[PDB]
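The chain contents come next:
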Amino acid sequence: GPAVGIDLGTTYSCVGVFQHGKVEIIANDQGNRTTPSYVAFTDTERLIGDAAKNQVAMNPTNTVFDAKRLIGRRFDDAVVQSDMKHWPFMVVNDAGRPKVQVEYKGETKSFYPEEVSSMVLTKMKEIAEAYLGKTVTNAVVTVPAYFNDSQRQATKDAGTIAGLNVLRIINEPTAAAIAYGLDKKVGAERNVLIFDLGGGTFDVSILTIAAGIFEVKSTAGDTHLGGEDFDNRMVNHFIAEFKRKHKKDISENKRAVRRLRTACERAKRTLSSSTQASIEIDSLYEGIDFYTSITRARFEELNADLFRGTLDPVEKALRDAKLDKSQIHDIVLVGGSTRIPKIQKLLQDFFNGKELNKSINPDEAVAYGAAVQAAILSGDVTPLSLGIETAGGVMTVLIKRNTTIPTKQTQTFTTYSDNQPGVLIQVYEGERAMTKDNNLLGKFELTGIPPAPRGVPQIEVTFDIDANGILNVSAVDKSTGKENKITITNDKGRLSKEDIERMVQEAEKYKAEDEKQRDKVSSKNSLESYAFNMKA
Ligand SMILES: Cc1n[nH]c(=O)[nH]c1=S
Ligand SMILES: [K+]
Ligand SMILES: [K+]
């Protein structure tokens, strides 16, 4: 039967299926299209999803949430140590691996984060099975773009424990782009910014899409920013208002604060569609009814620093991607908090009035994209960057990937050593900083360089690609006009789309190491007479 797409979120999970030409987001047994990523252990039973979230106040020590924060991580990781302080449940160290420790049926029990996430995935699998009336095994599960191999493998393991065959682990921003069909657009490469403010995290991702291939250029954000922060600002404001009006602090009473927080959450949602919301609480504290109102402008003022602060990760991602804001072709809004009008206005104003992609429910877009990809898995531009080896085994790119063909690019190079008699032109294809990590396509030598000090000889290297995709690489000694050249054949089927994707993924995985590495060689246009990779 059809594979499902699952957004395994920090706070909630969402499951969708592509059937009958459309994606259907599947509601749970309580009629909810999103299910809380919560697992609760009690004296008599294990609760998953809505039931677990509903009883959290009654059973805080044994209600687990935020397993995504621990997944694929070591106990001594700084993130784990800081996060544990904010959790009611215990996290224990089992041989360097974090485990949640809870009381279940009168017995102490410990679970790895992948096991807790497997329980959430089991609920999502069961919700899909109830809707489809058939067993669901195949699934595509989404993860944040910044997740490392350990976090990705642990997420896959959670699906495997749940009995799911994880066809692929895909980035949440990529899933959102697939939901908007941004990978179906034939033509020149497009730069896409995904603004994801929901699920307790703020994620900004910049992607480039061409020929159905996605590359993550940059990621930025705040792992501890979400709607709860906006609700807290309202709760503190109301606590102050009650204290000023009634000379009473309701902070001591946990239920009164809980009732106020629930009213604030509802009011914030009303403020997305209306300019004012009513707060009506009977007997909030000491028998005093709290009936009041909040304007959208007051809500915006209470959260002004948080809302404006969202632009700082957008600026950082643009800087990391080496792109101006004008170079973004598509902006996608993901996450429930993107419904807030002030956030939409701030982002649109930053982008000079550019329209935002927000037609898909922001809570369901990632699952929607995952479902589209799962169905695909169930049934001219350059593919890779082209360049030559410079001194130190460095990849110097003459043609970036996603360059339309035919194309011709020329750069000038020099000798690295004094009285260097010749240069070796080594042609490589790939996105890595060092040639050892890229693919060698061919090599040729330009000999007879007249003796000169290093940096004086000028060698012009030209990469020419025809419409058929054939690459001709030539080098000319600008002092004599002497030349040498190689023709590199483009075998049809030499590279699969998956082969290209793997090369792009490797660049994304080693981006920090490669970006730091580029700084090491001083010249960047100097050629040696030998292959660095063959040097002992
Ligand atoms: C403001 C807001 N936040 N989250 C959500 O799910 N909806 C809304 S309208
Ligand atoms: K996810
Ligand atoms: K997010």
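Residues numbered from 1 in each chain as written, not as in the entry; some residues may be left out. Chains lettered and ligands numbered in written order. Heavy atoms only, no water.

- For this deposition, the record names X-ray crystallography as the technique by which the model was determined and cites 1.662 Å as its resolution.

## Details of empty space enclosed by the protein
Point 1. Considered as a void within the structure, the largest cavity measures approximately 60 Å³ in volume.
Point 2. Looking at the lining of the largest cavity, the elements with two or more residues in it are α2 (67–70) and α4 (113–132).
Point 3. The element that contributes the greatest number of residues to the lining of the largest cavity is α4, accounting for three residues.
Point 4. Taken together, the residues of the lining of the largest cavity break down into four nonpolar, four polar and two charged. (1 Å grid on protein atoms, 1.4 Å probe; cavity = no way out; pocket = protein on both sides within 12 Å on 5 of 7 lines; lining within 4 Å. Points joined across faces, edges and corners; volume = space filled by probe spheres on them. Helix = DSSP H or I, 4+ residues; strand = E, 2+ residues; numbered from the N terminus. Nonpolar A, V, L, I, M, F, W, Y, C, P; charged D, E, K, R; others polar.)

## So, the site of ligand 1
Point 1. Close to ligand 1 lie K268, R269, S272, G336, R339, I340 and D363, which account for all nearby residues.
Point 2. Backbone polar atom of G336 to a nitrogen atom of ligand 1: 3.5 Å apart, as the coordinates give it.
Point 3. With respect to ligand 1, the side chain of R339 contributes an N or O atom lying 3.1 Å from an oxygen atom. (Near = heavy atom within 4 Å. Polar contact = N/O pair within 3.5 Å; in protein donor to acceptor, adjacent residues only side chain to side chain.)

## Some details on the sheet that holds strand β7 (residues 63–64)
Point 1. The strand order across the open sheet built from three strands is β6-β5-β7, with neighbouring strands paired in antiparallel fashion. Looking at which strands have only one partner, the edges of the open sheet turn out to be β6 (46–48) and β7.
Point 2. Examined bridge by bridge, strand β5 (residues 39–41) and β7 share two bridges and lie antiparallel to one another. The partner of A40 across the bridge, within β7, is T63. (Pairing = 2+ DSSP bridges.)

## What to know about the coordination of the potassium ion (ligand 3)
Point 1. Looking at the metal site, the potassium ion (ligand 3) is ligated by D196 (O), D196 (OD), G198 (O), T201 (O), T201 (OG1) and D203 (OD), spaced 2.7 to 2.9 Å from it.
Point 2. A residue is classified by how much of its surface remains accessible, and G198, at 14% relative accessible area, is buried. (Donors = N, O, S within 2.8 Å, 3.2 Å for Na, K, Ca; no water. Buried < 20%, exposed > 50% of the residue type's maximum accessible area, 1.4 Å probe, protein only.)

## Thoughts on the UniProt feature "binding site: ADP" in the chain
Point 1. According to UniProt, the positions carrying the feature "binding site: ADP" are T11, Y12, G199, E265, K268, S272 and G336.
Point 2. Note that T11 resides in the loop between β1 (4–8) and β2 (12–19).
Point 3. With sequence-adjacent residues up to four places away left out, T11 is seen in contact with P36, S37, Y38, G199 and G200.
Point 4. Beyond its immediate stretch of four places on either side in the chain, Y12 contacts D7, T34, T35, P36, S37, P362 and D363. (UniProt positions renumbered as here; feature names shortened; annotations may be inferred. Contact = heavy atoms within 4.5 Å.)

## What to know about the pairing of strand β9 (residues 97–104)
Each regular strand displays side chains that alternate between the two surfaces of the sheet.
Point 1. Examined bridge by bridge, strand β8 (residues 90–94) and β9 share five bridges and lie antiparallel to one another. Each residue of the ladder has a partner; that of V92, found in β9, is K99.
Point 2. If you look at the hairpin formed by β8 and β9, you'll find two residues sitting between the two strands, and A95 has a positive phi there, around 55 degrees.
Point 3. Summarising the sheet, β9 and strand β10 (residues 107–111) pair through five bridges and their orientation is antiparallel. Bridging from a neighbouring strand, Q101 pairs with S110 of β10.
Point 4. Counting the residues in the hairpin turn of β9 and β10 gives two residues, including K105, whose phi is positive at 55 degrees.

## Comments concerning the coordination of the potassium ion (ligand 2)
By definition of the ideal shapes, four donors in a tetrahedron about a metal sit 109.5 degrees apart, and six donors in an octahedron sit 90 or 180 degrees apart.
Point 1. Donor atoms from the polypeptide that bind the potassium ion (ligand 2) are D7 (OD), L8 (N), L8 (O), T142 (O), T142 (OG1) and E172 (OE), placed at 2.6 to 3.1 Å.
Point 2. Here the donor residues of the potassium ion (ligand 2) share one chain and are spaced in sequence as D-L-x133-T-x29-E. Here the residue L8 occupies a position in strand β1, and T142 occupies one in strand β11 (residues 138–143), the gap between them amounting to 134 residues. As far as burial versus exposure is concerned, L8 and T142 are alike and both buried.

## Some details on the pattern of salt bridges
Side chains that carry opposite charge are capable of pairing whenever their charged atoms lie near each other.
Point 1. Throughout the structure, instances matching the rule amount to 26 salt bridges.
Point 2. Its salt-bridge partner being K322, residue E515 comes within 3.8 Å of it at the nearest N-O pair.
Point 3. On the basis of relative accessible area, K322 is assigned to the exposed category, the value being 63%.
Point 4. Residues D437 and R432 are paired through a salt bridge, measuring 3.5 Å at the closest nitrogen-oxygen approach.
Point 5. Classification of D437 as partly exposed rests on a relative accessible area of 31%.
Point 6. Residue class for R432 comes out buried when judged on its relative accessible area of 7%.
Point 7. Overlapping salt bridges bring together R432, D437, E513 and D514 as one network. (Salt bridge = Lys/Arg side-chain N within 4 Å of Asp/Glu carboxyl O.)

## Description of the nonpolar core
Point 1. Counting residues in each nonpolar core, the largest one holds 50 residues, and the members touching the most others are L193, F195, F230, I250, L260, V314 and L347.
Point 2. For this core, the element with the most residues is helix α8 (residues 254–273), which contributes seven residues.
Point 3. If we skip the residues at most four places from it in the chain, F230 touches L197, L225, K268, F299, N303, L306, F307, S337, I340 and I343. (Core = buried A, V, L, I, M, F, W, Y, C linked by side-chain atoms within 4.5 Å.)

## Description of the environment of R432
Point 1. Tracing the sequence through the fold places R432 in the loop between β22 (423–429) and β23 (439–446).
Point 2. C-alpha separation for the pair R432 and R518, spaced 86 residues apart in sequence, amounts to 10.0 Å.
Point 3. Those residues within four positions of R432 in sequence are excluded, and the remaining contacts are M395, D437, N438, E506, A507, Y510, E513 and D514.
Point 4. Within the local environment of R432, its side chain forms a polar contact with the side chain of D437, the two groups lying 3.5 Å apart.

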